[PDB]
């Protein structure tokens, strides 16, 4: 099930309009309170007008609207199920503006919702762009509008949330398709559940930021239910999905051909392991006792060229285990892995003990000391997040999480780890005064400017329960060593939520739930627009443009020359992300040093160490003196 974020608005005073309505199926059947009666557009002998179809409500007064619900026809017939849709709000009835929510609803008879940030309005309009099966009708048994207890205007200068993208599934795992710019999301064998999978199938969905189209596709070619997996973008730019519901499988997503390819089976069955791309394009994984059995799962490495998984038995998982009260089932999960120099992998946590993993020969592991600072040794931080915001300086920001996977209080701990050469003990300090809000199950992304956006989570980890939610996101500004609260959102994003940086510089945050009959499934995502995209007036700022790129494919050590339309002050390269269960081992940022060639022409070199400039796809962003970033240019970094 799902749920709206507000309380139902009284339908007494409403006035509704429909594009068409067949007698027996009047506009008002949708607001009678009877689930047996429904509005239905013209059919048969009234003709069959194709969608779009529209449902407009006049609440007569101004309500602080935060959502709507749509109960499809409950008579067993599917005709008229809304697929693609848009939701608009208006205080006047003539000026709608941009949709407050849009996307596609799954093809079933369950009540569907549109949850969105609170906006005073008197008029609401639901546009049915498509019928779920491609037919021309639109039918609605019941329609409700929800209101917030109050309305609090976003504060200027603190970012903005919206719109809401409605999806057919709970996006508990997502990736950006680098060649297309689309967001790829997946659930499990079902749109809203993973328990009871016959294994072998995964439901996916994609959102295209350019067209606003949400599409769904079932993947069975790899015979893998991809819930709870390791995810890494390999050296070739293929996304490597491992284990989870089908514990030994490997599935490859090729952005180029937009297809799924069966990969080789891992040597050890795992679920909830983290995998990390290496300086050589290979993928290392360790741990993962969620599925495949509970025992010590040492390292293994995938080679994209030979398409083999090789065991690395001496890359021992033992030193990275947390002290989880549930034991090994949780203690080897979601490692904070980072590919580094010379085939090494750094594990920053969640255990207090940090380690160096080596992939030569049969593997090795060396202690890197304890995450700690002048405030003491950091406790285990299961589901805390770790982000490499400056790969050149080896800087990793870690934050949040709790000692145990669940039933444990999250903390405000935050540290900065600075990596040197593999085998050396990195320096760790405390970050500022820690998070404003203790959280676990939160997600984060590094932004073009090197700041880290942190959002969602809860104060006490309770999977599938939307309790103690943190609605206020925070940004860490490394240059100032300061955290800043941002404007709050209205949708809880806790266990099974995700965040990804979009190529336009905005953040896509969504998911949460995936517990079948629970009412905590969130079949949506919201967009957060950081203040760097607005000018002083609250309007969107004018962005620099990258008019030319000497090349779109470069070897580490290589130079790229660009021309822009305005003088730029800074540039950064951001590796494309993948995310699930708080883990994102693919994102990282490299700040660039620019050579001004005069005439708004600039060159830069990609770092020559492929353990810094990990191979794969990256986003190039340039910023003007104002700090406004361009939309990214996609660059492929090869070794």
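Positions refer to the first chain, counted from 1.
Per-stretch averaging of Cα B factors for 469-477 and 77-85 places 77-85 on top. Of the two segments examined, 55-63 and 588-596, it is 55-63 that shows the higher average Cα temperature factor in the deposited entry. Note on the listed residues 166, 390, 246, 216: the highest Cα temperature factor in the record is that of 216. Within the listed group 133, 521, 455, 222, the record reports its top CA B-factor for 133.
Placement of the Cα temperature factor of residue 616 within the chain: lowest third of the modelled residues, per the deposited record. Sorting the modelled residues of the chain by their CA temperature factor places residue 322 in the lowest third. Ranked against the other modelled residues of its chain, the C-alpha B-factor of residue 579 as given in the entry falls in the lowest third. In this PDB entry, residue 140 carries a Cα temperature factor that places it within the highest third of its chain's modelled residues. Annotation for residue 540: CA B-factor lies in the highest third of the chain's modelled residues.
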